[PDB]
Amino acid sequence: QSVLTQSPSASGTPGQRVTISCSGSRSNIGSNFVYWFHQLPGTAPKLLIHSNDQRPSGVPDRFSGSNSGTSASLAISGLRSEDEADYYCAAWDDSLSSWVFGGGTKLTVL
Amino acid sequence: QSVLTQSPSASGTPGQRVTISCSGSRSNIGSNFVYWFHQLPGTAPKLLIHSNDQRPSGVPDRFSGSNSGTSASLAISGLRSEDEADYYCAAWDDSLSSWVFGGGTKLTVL
Amino acid sequence: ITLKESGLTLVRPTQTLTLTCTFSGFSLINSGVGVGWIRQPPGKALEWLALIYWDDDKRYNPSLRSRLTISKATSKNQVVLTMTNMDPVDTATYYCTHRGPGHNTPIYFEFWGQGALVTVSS
Amino acid sequence: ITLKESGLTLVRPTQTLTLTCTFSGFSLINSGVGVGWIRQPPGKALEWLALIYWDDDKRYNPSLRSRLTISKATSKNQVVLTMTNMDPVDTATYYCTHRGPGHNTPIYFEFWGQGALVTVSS
Amino acid sequence: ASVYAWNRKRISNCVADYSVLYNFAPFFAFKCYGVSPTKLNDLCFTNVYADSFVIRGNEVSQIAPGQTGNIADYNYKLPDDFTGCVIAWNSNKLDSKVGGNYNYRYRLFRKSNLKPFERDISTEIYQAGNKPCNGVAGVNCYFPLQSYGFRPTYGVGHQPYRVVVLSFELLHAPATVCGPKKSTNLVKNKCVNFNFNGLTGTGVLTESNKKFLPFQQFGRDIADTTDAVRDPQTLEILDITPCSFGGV
């Protein structure tokens with residue numbers, strides 16, 4: 001309800017498309033915008049998708065986002081070797097009145 | 001594996017139903033369409049049933065087909081005296097990458 | 001729809017066979033349409049030789065590959081089949097047959113030629 | 001656009017933390033701009049601390065409210081964070097982040113500082 | 001055509017008749033964006049494109065605005081401001097060869113997604129982590145195009161469908177293509193409401209005796225009263241006189 005849950009591992013292979021899920025609730029993810037971050041080890045995270053479908057300037061086209069009801073998805077096309085890092089959800093929760101985050105997914109390419 | 005096997009003789013009697021078997025293998029008869037031809041002495045054959053259950057326009061209803069796993073059957077009802085001829089199987093064998101045929105069945109009415 | 005075979009029916013061994021199927025009622029320019037060849041020894045079962053779809057996909061019988069060349073002459077509405085190194089075991093009847101479309105799946109061998117008894121002897 | 005945190009990195013328990021994010025390239029006098037703070041334990045998921053808009057609307061994390069005080073010094077282009085009653089569980093890294101305008105909706109956490117590892121021990 | 005090299009065509013300067021489409025097939029997919037199919041036969045457009053190609057079964061859903069997929073991502077993309085119709089029907093009857101039809105191929109790998117209505121044909125070898133091999137296998141160094149493998153036994157989800165997309169245009173149109181404007185048999189000697197090629201009026205029509213020059217279509221007496229008109233079908237000149245009226 002108040003914490004977003006992501007599966008921990010993705011494990012694709014180059015040139016393939018993969019998806020990362022994020023389940024929220026009626027109160028935070030289904031009535032607010034969903035952000036999507038990414039943080040290689042030892043470095044501040046960096047925005048990838050805000051407002052559920054828009055990319056800040058400087059992100060390749062292959063990253064796409066989607067929100068639907070109470071679920072969220074990130075679609076990575078052209079999987080490459082420079083993308084194995086952590087992926088986080090983020091959403092504003094009206095019932096808690098604060099930003100909440102997810103666990104994170106590994107996404108190690110083979 | 002690479003050859004369909006039919007009994008050489010059927011030997012029905014008028015107004016009766018008889019069956020003709022066709023044994024194949026995992027690679028050809030169990031994963032492709034089974035045709036059933038009928039060649040009379042001194043004349044090109046003539047299609048009877050394609051796609052295991054369909055009859056080309058101009059064949060009586062009494063001819064029926066059946067496929068089951070890696071075996072095949074043709075069902076002739078209302079057996080008559082104008083049907084004593086050769087009946088052949090045919091199916092495409094992916095392992096051989098060619099059309100393969102059976103032995104043939106006699107079906108002589110008494 | 002009609003087909004008819006023609007060529008030399010008798011040839012000695014170590015020679016080449018040529019056959020020509022001239023047809024009428026369909027054209028090898030539409031989609032679906034294709035033409036094939038099937039031989040049958042005297043008193044034996046049928047055997048598939050080759051096939052040629054409308055987009056020129058020359059499928060061959062693998063065991064008889066390295067011996068066969070099938071080609072079409074669409075301008076004359078005729079197809080030519082060729083098989084080299086004939087032998088007395090290749091005595092058979094050769095039909096040219098037609099594969100068109102059906103109602104939910106392609107039809108194969110719905111119409112046949114009339115055969116051309118080919119003897120290989122001296 | 002750049003941000004950078006600074007302060008004391010080591011403190012005993014039951015003391016208070018002060019941190020100062022000095023930035024360059026934007027002013028907390030324009031419309032939109034606001035600055036927030038976000039902490040992350042070592043090897044865990046992120047956690048949101050506090051936020052301060054341009055008209056001084058000091059939003060806080062409720063569970064950590066009653067402990068935090070964020071304030072601005074716009075003249076010096078710097079923001080100050082303060083947290084009392086530290087404990088060994090609060091060893092973490094603290095980032096200062098920025099929210100400016102986008103193209104049809106505000107962007108949040110578009111730019112980050114570089115963190116300041118804070119250890120609470122003796 | 002195969003989907004990665006689809007074939008555009010223009011249709012202009014005609015009297016488009018859309019009453020032929022319905023008689024074609026059961027039309028597994030027939031949906032229109034921005035227009036209704038029944039009200040299609042009466043409007044006029046500048047230039048009408050028709051884009052035809054062949055795809056799989058479970059991908060017909062990707063031919064729609066704003067849908068990210070694999071063929072709507074790499075080899076056919078249509079705008080979010082689309083206006084037209086799409087029509088797709090199952091053609092397993094004519095495209096499925098026994099053993100696999102490796103003649104319909106599609107782009108599987110690309111560097112970036114493509115702009116709307118963009119086509120690319122180059123079959124250059126795809127990029128890998130490091131400098132690709134050479135049109136050969138390797139760590140990645142893949143090859144872009146991939147075949148389909150249609151066979152007659154596949155389900156109706158991997159069976160071939162033929163699809164044609166119609167694109168219209170409507171802005172500042174010296175209209176070139178509309179629908180057929182049906183006519184009705186002529187009535188003479190009776191007070192009738194008539195509509196001759198746009199000229200609307202009422203009166204009884206009588207056979208004329210005046211010689212219209214071949215490029216003229218209307219006749220006028222003094223004070224702009226339309227006195228005569230030539231039939232647009234048989235070119236006979238017809239006289240117009242207002243039916244009887246008066247005071248009592």
# chains A, B, ... in the order shown; residues from 1 in each chain; ligands from 1
$ closest_atom_pairs --of "chain E" --to "chain A" --cutoff "9 Å" --atoms "only C-alpha atoms" --output "Markdown table"
| residue | atom | partner | partner_atom | distance |
| --- | --- | --- | --- | --- |
| E:68 | CA | A:64 | CA | 8.7 |
| E:109 | CA | A:15 | CA | 7.1 |
| E:110 | CA | A:78 | CA | 7.8 |
| E:111 | CA | A:78 | CA | 7.7 |
| E:112 | CA | A:61 | CA | 6.7 |
| E:113 | CA | A:61 | CA | 7.0 |
| E:128 | CA | A:14 | CA | 8.1 |
| E:129 | CA | A:81 | CA | 6.8 |
| E:140 | CA | A:14 | CA | 7.1 |
| E:142 | CA | A:15 | CA | 8.8 |
$ write_last_selection --atoms "N, CA and C atoms" --output "PDB file, in the first residue's frame"
ATOM      1  N   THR E  68       4.151   1.300 -28.718  1.00  0.00           N
ATOM      2  CA  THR E  68       5.535   0.872 -28.792  1.00  0.00           C
ATOM      3  C   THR E  68       5.529  -0.644 -28.779  1.00  0.00           C
ATOM      4  N   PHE E 109      16.770  -5.631 -35.394  1.00  0.00           N
ATOM      5  CA  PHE E 109      17.750  -4.872 -34.643  1.00  0.00           C
ATOM      6  C   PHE E 109      17.929  -3.511 -35.283  1.00  0.00           C
ATOM      7  N   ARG E 110      17.999  -2.458 -34.480  1.00  0.00           N
ATOM      8  CA  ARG E 110      18.277  -1.156 -35.063  1.00  0.00           C
ATOM      9  C   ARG E 110      18.959  -0.291 -34.023  1.00  0.00           C
ATOM     10  N   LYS E 111      19.587   0.786 -34.490  1.00  0.00           N
ATOM     11  CA  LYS E 111      20.325   1.648 -33.577  1.00  0.00           C
ATOM     12  C   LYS E 111      19.377   2.512 -32.756  1.00  0.00           C
ATOM     13  N   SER E 112      18.466   3.233 -33.407  1.00  0.00           N
ATOM     14  CA  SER E 112      17.476   4.015 -32.685  1.00  0.00           C
ATOM     15  C   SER E 112      16.113   3.835 -33.326  1.00  0.00           C
ATOM     16  N   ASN E 113      15.059   4.109 -32.571  1.00  0.00           N
ATOM     17  CA  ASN E 113      13.740   4.036 -33.171  1.00  0.00           C
ATOM     18  C   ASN E 113      13.614   5.070 -34.277  1.00  0.00           C
ATOM     19  N   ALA E 128      27.810  -4.066 -31.826  1.00  0.00           N
ATOM     20  CA  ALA E 128      28.028  -4.837 -30.619  1.00  0.00           C
ATOM     21  C   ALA E 128      28.852  -4.000 -29.654  1.00  0.00           C
ATOM     22  N   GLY E 129      28.955  -4.480 -28.415  1.00  0.00           N
ATOM     23  CA  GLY E 129      29.796  -3.874 -27.397  1.00  0.00           C
ATOM     24  C   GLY E 129      31.106  -3.334 -27.938  1.00  0.00           C
ATOM     25  N   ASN E 140      28.472 -10.093 -29.967  1.00  0.00           N
ATOM     26  CA  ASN E 140      27.150  -9.825 -30.516  1.00  0.00           C
ATOM     27  C   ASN E 140      27.168  -9.803 -32.039  1.00  0.00           C
ATOM     28  N   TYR E 142      25.446  -9.048 -34.540  1.00  0.00           N
ATOM     29  CA  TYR E 142      24.302  -9.729 -35.132  1.00  0.00           C
ATOM     30  C   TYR E 142      23.978  -9.186 -36.510  1.00  0.00           C
TER      31      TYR E 142
END
$ select_by_dssp --residues "segment 36-237 of chain E" --states "helix (DSSP H, G or I)" --output "JSON list (two decimals) with N, CA and C atoms, in the first residue's frame"
[["chain", "number", "residue", "atom", "x", "y", "z"],
["E", 38, "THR", "N", -18.89, 4.47, -42.59],
["E", 38, "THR", "CA", -20.07, 4.66, -43.42],
["E", 38, "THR", "C", -20.13, 6.06, -44.00],
["E", 39, "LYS", "N", -19.66, 7.05, -43.26],
["E", 39, "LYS", "CA", -19.60, 8.42, -43.75],
["E", 39, "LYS", "C", -18.32, 8.69, -44.52],
["E", 40, "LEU", "N", -17.68, 7.66, -45.03],
["E", 40, "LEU", "CA", -16.41, 7.83, -45.71],
["E", 40, "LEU", "C", -16.58, 8.19, -47.17],
["E", 60, "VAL", "N", -0.90, -7.40, -35.36],
["E", 60, "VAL", "CA", -1.79, -6.45, -36.00],
["E", 60, "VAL", "C", -2.16, -5.37, -35.02],
["E", 61, "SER", "N", -2.15, -5.68, -33.73],
["E", 61, "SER", "CA", -2.48, -4.69, -32.72],
["E", 61, "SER", "C", -1.48, -3.55, -32.65],
["E", 62, "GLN", "N", -0.28, -3.72, -33.20],
["E", 62, "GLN", "CA", 0.73, -2.66, -33.14],
["E", 62, "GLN", "C", 0.53, -1.56, -34.16],
["E", 71, "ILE", "N", 7.52, -4.08, -34.28],
["E", 71, "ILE", "CA", 7.48, -3.60, -35.65],
["E", 71, "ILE", "C", 7.06, -2.14, -35.71],
["E", 72, "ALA", "N", 6.35, -1.66, -34.71],
["E", 72, "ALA", "CA", 6.04, -0.25, -34.63],
["E", 72, "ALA", "C", 7.14, 0.53, -34.01],
["E", 73, "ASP", "N", 8.32, -0.04, -33.94],
["E", 73, "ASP", "CA", 9.42, 0.57, -33.24],
["E", 73, "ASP", "C", 10.61, 0.64, -34.18],
["E", 74, "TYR", "N", 10.71, -0.34, -35.04],
["E", 74, "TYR", "CA", 11.89, -0.49, -35.84],
["E", 74, "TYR", "C", 11.64, -0.41, -37.33],
["E", 92, "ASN", "N", -3.83, -16.70, -44.77],
["E", 92, "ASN", "CA", -3.12, -17.96, -44.71],
["E", 92, "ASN", "C", -3.32, -18.79, -45.95],
["E", 93, "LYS", "N", -4.30, -18.46, -46.78],
["E", 93, "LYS", "CA", -4.55, -19.23, -47.98],
["E", 93, "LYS", "C", -3.45, -19.08, -49.00],
["E", 94, "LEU", "N", -2.82, -17.93, -49.07],
["E", 94, "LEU", "CA", -1.91, -17.65, -50.16],
["E", 94, "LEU", "C", -0.46, -17.42, -49.78],
["E", 95, "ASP", "N", -0.13, -17.29, -48.51],
["E", 95, "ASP", "CA", 1.23, -16.96, -48.15],
["E", 95, "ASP", "C", 1.98, -18.03, -47.39],
["E", 222, "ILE", "N", -32.47, 38.42, -69.24],
["E", 222, "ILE", "CA", -32.13, 39.68, -68.60],
["E", 222, "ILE", "C", -32.43, 39.51, -67.12],
["E", 223, "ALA", "N", -31.65, 40.18, -66.29],
["E", 223, "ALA", "CA", -31.84, 40.19, -64.84],
["E", 223, "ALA", "C", -31.55, 38.83, -64.20],
["E", 224, "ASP", "N", -30.54, 38.15, -64.71],
["E", 224, "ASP", "CA", -29.98, 36.93, -64.13],
["E", 224, "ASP", "C", -30.98, 35.80, -63.87]]
$ calpha_fit_and_write --fixed "chain B" --moving "chain A" --output "compact mmCIF listing (two decimals) with N, CA and C atoms, in the first residue's frame"
# COMPACT_ATOMS: atom_id res chain seq x y z
N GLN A 1 10.40 -43.80 -38.91
CA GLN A 1 10.70 -42.41 -38.56
C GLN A 1 10.51 -41.49 -39.76
N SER A 2 11.09 -41.89 -40.89
CA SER A 2 11.05 -41.10 -42.12
C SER A 2 10.26 -41.78 -43.23
N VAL A 3 9.51 -42.82 -42.93
CA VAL A 3 8.70 -43.44 -43.96
C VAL A 3 7.43 -43.90 -43.29
N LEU A 4 6.32 -43.62 -43.93
CA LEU A 4 5.02 -43.96 -43.41
C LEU A 4 4.70 -45.38 -43.83
N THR A 5 4.05 -46.11 -42.95
CA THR A 5 3.76 -47.52 -43.17
C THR A 5 2.26 -47.73 -43.13
N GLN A 6 1.73 -48.37 -44.16
CA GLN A 6 0.32 -48.69 -44.23
C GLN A 6 0.17 -50.19 -44.37
N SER A 7 -0.91 -50.72 -43.84
CA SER A 7 -1.20 -52.12 -44.06
C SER A 7 -1.62 -52.32 -45.51
N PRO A 8 -1.21 -53.41 -46.16
CA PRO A 8 -1.49 -53.52 -47.60
C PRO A 8 -2.93 -53.83 -47.98
N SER A 9 -3.77 -54.39 -47.12
CA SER A 9 -5.09 -54.84 -47.57
C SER A 9 -6.19 -54.38 -46.62
N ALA A 10 -7.36 -54.05 -47.17
CA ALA A 10 -8.50 -53.68 -46.33
C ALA A 10 -9.67 -54.65 -46.43
N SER A 11 -10.18 -54.94 -47.64
CA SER A 11 -11.12 -56.04 -47.86
C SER A 11 -12.41 -55.90 -47.04
N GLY A 12 -13.21 -54.92 -47.40
CA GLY A 12 -14.55 -54.74 -46.85
C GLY A 12 -15.63 -55.44 -47.66
N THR A 13 -16.84 -54.90 -47.60
CA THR A 13 -18.00 -55.45 -48.29
C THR A 13 -19.06 -54.37 -48.34
N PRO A 14 -19.89 -54.34 -49.38
CA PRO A 14 -20.69 -53.14 -49.66
C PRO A 14 -21.49 -52.65 -48.48
N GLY A 15 -21.62 -51.33 -48.39
CA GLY A 15 -22.36 -50.69 -47.35
C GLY A 15 -21.74 -50.76 -45.99
N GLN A 16 -20.45 -51.01 -45.90
CA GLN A 16 -19.77 -51.11 -44.62
C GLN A 16 -18.74 -50.02 -44.47
N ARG A 17 -18.30 -49.83 -43.25
CA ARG A 17 -17.32 -48.82 -42.91
C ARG A 17 -15.98 -49.49 -42.66
N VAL A 18 -14.91 -48.93 -43.22
CA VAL A 18 -13.59 -49.49 -43.06
C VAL A 18 -12.62 -48.37 -42.74
N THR A 19 -11.49 -48.75 -42.16
CA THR A 19 -10.45 -47.80 -41.79
C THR A 19 -9.11 -48.23 -42.34
N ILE A 20 -8.28 -47.24 -42.65
CA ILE A 20 -6.94 -47.46 -43.18
C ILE A 20 -5.98 -46.67 -42.32
N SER A 21 -4.97 -47.33 -41.79
CA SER A 21 -4.08 -46.71 -40.83
C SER A 21 -2.81 -46.19 -41.49
N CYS A 22 -2.13 -45.29 -40.78
CA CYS A 22 -0.87 -44.74 -41.28
C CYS A 22 -0.05 -44.25 -40.09
N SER A 23 1.07 -44.89 -39.82
CA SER A 23 1.89 -44.56 -38.67
C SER A 23 3.09 -43.75 -39.13
N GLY A 24 3.33 -42.64 -38.46
CA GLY A 24 4.44 -41.78 -38.82
C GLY A 24 5.35 -41.56 -37.64
N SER A 25 5.87 -40.35 -37.45
CA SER A 25 6.79 -40.16 -36.35
C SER A 25 6.60 -38.78 -35.74
N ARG A 26 7.36 -38.52 -34.69
CA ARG A 26 7.28 -37.26 -33.97
C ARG A 26 7.59 -36.09 -34.87
N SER A 27 8.26 -36.34 -35.98
CA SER A 27 8.86 -35.28 -36.78
C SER A 27 8.10 -34.93 -38.03
N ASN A 28 7.34 -35.84 -38.63
CA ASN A 28 6.68 -35.51 -39.88
C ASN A 28 5.17 -35.49 -39.72
N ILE A 29 4.58 -36.59 -39.27
CA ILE A 29 3.13 -36.68 -39.25
C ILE A 29 2.53 -36.07 -38.00
N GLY A 30 3.32 -35.89 -36.96
CA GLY A 30 2.82 -35.39 -35.72
C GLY A 30 2.96 -33.91 -35.61
N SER A 31 3.57 -33.29 -36.61
CA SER A 31 3.80 -31.86 -36.58
C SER A 31 3.54 -31.24 -37.95
N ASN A 32 2.82 -31.93 -38.83
CA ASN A 32 2.50 -31.39 -40.14
C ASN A 32 1.13 -31.89 -40.56
N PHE A 33 0.68 -31.42 -41.70
CA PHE A 33 -0.59 -31.84 -42.25
C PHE A 33 -0.43 -33.15 -42.99
N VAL A 34 -1.50 -33.95 -42.99
CA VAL A 34 -1.50 -35.26 -43.62
C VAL A 34 -2.45 -35.25 -44.79
N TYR A 35 -1.95 -35.56 -45.97
CA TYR A 35 -2.77 -35.65 -47.16
C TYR A 35 -3.15 -37.10 -47.38
N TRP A 36 -4.12 -37.35 -48.24
CA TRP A 36 -4.59 -38.72 -48.47
C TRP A 36 -4.99 -38.83 -49.93
N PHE A 37 -4.32 -39.68 -50.69
CA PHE A 37 -4.60 -39.70 -52.15
C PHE A 37 -5.35 -40.98 -52.54
N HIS A 38 -5.39 -41.30 -53.83
CA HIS A 38 -6.14 -42.48 -54.31
C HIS A 38 -5.90 -42.60 -55.80
N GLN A 39 -5.48 -43.76 -56.30
CA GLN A 39 -5.13 -43.81 -57.74
C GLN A 39 -5.58 -45.11 -58.40
N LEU A 40 -6.74 -45.09 -59.04
CA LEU A 40 -7.15 -46.30 -59.78
C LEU A 40 -6.06 -46.58 -60.80
N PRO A 41 -5.86 -47.84 -61.23
CA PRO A 41 -4.76 -48.16 -62.14
C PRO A 41 -4.77 -47.30 -63.41
N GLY A 42 -3.59 -46.92 -63.90
CA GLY A 42 -3.50 -46.18 -65.15
C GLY A 42 -4.12 -44.81 -65.13
N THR A 43 -3.87 -44.03 -64.08
CA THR A 43 -4.47 -42.71 -63.95
C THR A 43 -3.74 -41.97 -62.85
N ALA A 44 -3.58 -40.67 -63.03
CA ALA A 44 -2.94 -39.91 -61.98
C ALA A 44 -3.76 -40.00 -60.71
N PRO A 45 -3.12 -39.94 -59.56
CA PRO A 45 -3.85 -39.97 -58.30
C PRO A 45 -4.79 -38.78 -58.18
N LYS A 46 -5.59 -38.70 -57.13
CA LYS A 46 -6.47 -37.55 -57.00
C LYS A 46 -6.72 -37.27 -55.54
N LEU A 47 -6.48 -36.04 -55.12
CA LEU A 47 -6.59 -35.69 -53.73
C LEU A 47 -7.95 -36.11 -53.20
N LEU A 48 -7.99 -36.55 -51.95
CA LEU A 48 -9.18 -36.94 -51.20
C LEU A 48 -9.34 -36.13 -49.94
N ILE A 49 -8.27 -35.89 -49.21
CA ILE A 49 -8.37 -35.17 -47.96
C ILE A 49 -7.07 -34.43 -47.76
N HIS A 50 -7.15 -33.13 -47.59
CA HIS A 50 -5.97 -32.37 -47.22
C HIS A 50 -6.15 -31.86 -45.81
N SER A 51 -5.06 -31.44 -45.19
CA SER A 51 -5.14 -30.80 -43.89
C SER A 51 -5.81 -31.67 -42.85
N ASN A 52 -5.76 -32.98 -43.07
CA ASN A 52 -6.17 -34.05 -42.18
C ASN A 52 -7.67 -34.21 -42.08
N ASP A 53 -8.45 -33.23 -42.49
CA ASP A 53 -9.89 -33.43 -42.33
C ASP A 53 -10.76 -32.75 -43.37
N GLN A 54 -10.21 -32.14 -44.39
CA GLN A 54 -10.98 -31.38 -45.35
C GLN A 54 -10.91 -32.06 -46.70
N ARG A 55 -11.98 -31.96 -47.43
CA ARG A 55 -12.13 -32.63 -48.68
C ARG A 55 -12.14 -31.61 -49.79
N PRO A 56 -11.35 -31.78 -50.84
CA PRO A 56 -11.47 -30.89 -51.98
C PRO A 56 -12.83 -31.07 -52.61
N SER A 57 -13.35 -29.98 -53.17
CA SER A 57 -14.68 -29.96 -53.77
C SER A 57 -14.83 -30.99 -54.87
N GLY A 58 -15.76 -31.92 -54.69
CA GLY A 58 -16.01 -32.94 -55.68
C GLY A 58 -15.82 -34.35 -55.16
N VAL A 59 -15.69 -34.45 -53.85
CA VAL A 59 -15.51 -35.72 -53.16
C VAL A 59 -16.77 -35.97 -52.33
N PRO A 60 -17.35 -37.16 -52.37
CA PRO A 60 -18.54 -37.41 -51.58
C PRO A 60 -18.25 -37.28 -50.10
N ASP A 61 -19.31 -37.21 -49.32
CA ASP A 61 -19.18 -36.98 -47.89
C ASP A 61 -18.59 -38.19 -47.19
N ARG A 62 -18.71 -39.37 -47.77
CA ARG A 62 -18.39 -40.56 -47.01
C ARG A 62 -16.92 -40.68 -46.64
N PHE A 63 -16.03 -39.93 -47.27
CA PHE A 63 -14.62 -40.01 -46.92
C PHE A 63 -14.32 -39.06 -45.77
N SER A 64 -13.71 -39.57 -44.71
CA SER A 64 -13.34 -38.73 -43.59
C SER A 64 -11.92 -39.04 -43.18
N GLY A 65 -11.22 -38.04 -42.71
CA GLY A 65 -9.87 -38.25 -42.28
C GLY A 65 -9.64 -37.95 -40.83
N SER A 66 -8.58 -38.50 -40.24
CA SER A 66 -8.30 -38.18 -38.86
C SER A 66 -6.82 -38.32 -38.59
N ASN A 67 -6.28 -37.34 -37.89
CA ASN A 67 -4.92 -37.34 -37.40
C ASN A 67 -4.95 -37.22 -35.89
N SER A 68 -4.10 -37.98 -35.24
CA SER A 68 -4.06 -37.98 -33.79
C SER A 68 -2.65 -38.28 -33.35
N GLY A 69 -1.97 -37.28 -32.80
CA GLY A 69 -0.61 -37.52 -32.38
C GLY A 69 0.26 -37.96 -33.52
N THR A 70 0.70 -39.20 -33.48
CA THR A 70 1.53 -39.78 -34.51
C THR A 70 0.82 -40.89 -35.27
N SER A 71 -0.47 -40.75 -35.52
CA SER A 71 -1.17 -41.77 -36.27
C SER A 71 -2.20 -41.12 -37.17
N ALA A 72 -2.60 -41.84 -38.21
CA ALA A 72 -3.54 -41.28 -39.16
C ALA A 72 -4.51 -42.35 -39.60
N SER A 73 -5.73 -41.92 -39.92
CA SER A 73 -6.78 -42.85 -40.27
C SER A 73 -7.68 -42.24 -41.33
N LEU A 74 -8.14 -43.07 -42.25
CA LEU A 74 -9.11 -42.68 -43.25
C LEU A 74 -10.33 -43.55 -43.06
N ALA A 75 -11.49 -42.93 -42.98
CA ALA A 75 -12.73 -43.65 -42.74
C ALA A 75 -13.61 -43.54 -43.97
N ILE A 76 -13.95 -44.68 -44.55
CA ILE A 76 -14.79 -44.77 -45.73
C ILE A 76 -16.13 -45.33 -45.31
N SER A 77 -17.18 -44.56 -45.53
CA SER A 77 -18.52 -45.02 -45.23
C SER A 77 -19.19 -45.42 -46.53
N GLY A 78 -20.27 -46.17 -46.42
CA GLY A 78 -20.96 -46.59 -47.62
C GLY A 78 -20.10 -47.25 -48.67
N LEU A 79 -19.20 -48.14 -48.26
CA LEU A 79 -18.30 -48.82 -49.18
C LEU A 79 -19.02 -49.29 -50.43
N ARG A 80 -18.42 -49.06 -51.58
CA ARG A 80 -19.07 -49.35 -52.84
C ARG A 80 -18.09 -50.09 -53.73
N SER A 81 -18.52 -50.41 -54.93
CA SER A 81 -17.69 -51.21 -55.81
C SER A 81 -16.77 -50.36 -56.64
N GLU A 82 -16.99 -49.05 -56.65
CA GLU A 82 -16.17 -48.12 -57.40
C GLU A 82 -15.08 -47.51 -56.55
N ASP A 83 -14.66 -48.19 -55.49
CA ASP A 83 -13.68 -47.62 -54.58
C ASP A 83 -12.48 -48.52 -54.40
N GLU A 84 -12.44 -49.65 -55.08
CA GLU A 84 -11.29 -50.54 -54.97
C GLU A 84 -10.12 -49.95 -55.74
N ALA A 85 -9.19 -49.34 -55.02
CA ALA A 85 -8.03 -48.71 -55.62
C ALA A 85 -6.98 -48.50 -54.54
N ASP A 86 -5.87 -47.88 -54.92
CA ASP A 86 -4.78 -47.66 -53.99
C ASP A 86 -4.98 -46.40 -53.18
N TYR A 87 -4.59 -46.44 -51.91
CA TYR A 87 -4.69 -45.31 -51.01
C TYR A 87 -3.34 -44.98 -50.41
N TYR A 88 -2.93 -43.72 -50.50
CA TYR A 88 -1.59 -43.31 -50.13
C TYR A 88 -1.66 -42.25 -49.06
N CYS A 89 -0.68 -42.26 -48.18
CA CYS A 89 -0.47 -41.21 -47.20
C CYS A 89 0.46 -40.18 -47.79
N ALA A 90 0.53 -39.02 -47.17
CA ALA A 90 1.54 -38.07 -47.62
C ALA A 90 1.77 -37.06 -46.52
N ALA A 91 3.03 -36.74 -46.27
CA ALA A 91 3.29 -35.77 -45.22
C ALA A 91 4.66 -35.17 -45.42
N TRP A 92 4.81 -33.94 -44.97
CA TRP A 92 6.07 -33.24 -45.05
C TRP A 92 6.92 -33.50 -43.83
N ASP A 93 8.14 -33.96 -44.07
CA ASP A 93 9.09 -34.38 -43.04
C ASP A 93 10.15 -33.32 -42.83
N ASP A 94 10.13 -32.67 -41.68
CA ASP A 94 11.09 -31.60 -41.42
C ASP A 94 12.52 -32.10 -41.35
N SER A 95 12.75 -33.29 -40.81
CA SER A 95 14.11 -33.78 -40.70
C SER A 95 14.71 -34.09 -42.06
N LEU A 96 13.92 -34.62 -42.97
CA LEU A 96 14.40 -34.83 -44.32
C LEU A 96 14.15 -33.64 -45.21
N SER A 97 13.23 -32.76 -44.84
CA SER A 97 12.86 -31.61 -45.65
C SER A 97 12.40 -32.04 -47.04
N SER A 98 11.40 -32.92 -47.07
CA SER A 98 10.84 -33.35 -48.34
C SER A 98 9.51 -34.03 -48.07
N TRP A 99 8.73 -34.21 -49.13
CA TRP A 99 7.49 -34.93 -49.02
C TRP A 99 7.80 -36.42 -49.03
N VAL A 100 7.11 -37.17 -48.19
CA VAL A 100 7.29 -38.61 -48.10
C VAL A 100 5.93 -39.27 -48.27
N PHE A 101 5.93 -40.49 -48.79
CA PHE A 101 4.69 -41.20 -49.07
C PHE A 101 4.72 -42.58 -48.44
N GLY A 102 3.58 -43.25 -48.47
CA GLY A 102 3.45 -44.58 -47.91
C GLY A 102 3.46 -45.64 -48.99
N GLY A 103 3.21 -46.87 -48.56
CA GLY A 103 3.21 -48.00 -49.46
C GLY A 103 1.96 -48.14 -50.30
N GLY A 104 0.81 -48.11 -49.65
CA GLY A 104 -0.43 -48.26 -50.36
C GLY A 104 -1.22 -49.46 -49.89
N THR A 105 -2.53 -49.36 -49.97
CA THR A 105 -3.43 -50.40 -49.52
C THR A 105 -4.35 -50.78 -50.65
N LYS A 106 -4.70 -52.05 -50.72
CA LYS A 106 -5.44 -52.54 -51.87
C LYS A 106 -6.91 -52.18 -51.78
N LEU A 107 -7.58 -52.57 -50.70
CA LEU A 107 -9.00 -52.27 -50.49
C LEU A 107 -9.87 -52.83 -51.61
N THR A 108 -9.96 -54.16 -51.65
CA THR A 108 -10.87 -54.83 -52.57
C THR A 108 -12.15 -55.25 -51.87
N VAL A 109 -13.27 -54.69 -52.32
CA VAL A 109 -14.57 -55.02 -51.75
C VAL A 109 -15.00 -56.42 -52.19
N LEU A 110 -15.86 -57.04 -51.39
CA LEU A 110 -16.31 -58.39 -51.71
C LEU A 110 -17.76 -58.41 -52.17
$ interface_residues --of "chain C" --to "chain B" --cutoff "9 Å" --atoms "only C-alpha atoms" --output "list in words"
residues 44, 45, 46, 47, 48, 49, 59, 60, 61, 62, 63, 95, 102, 105, 106, 107, 108, 109, 110, 111, 112, 113, 114 and 115 of chain C
$ residues_around --residues "residue 6 of chain D" --least-positions-apart "3" --cutoff "8 Å" --atoms "only C-alpha atoms" --output "VMD selection string"
chain D and resid 19 to 21 116
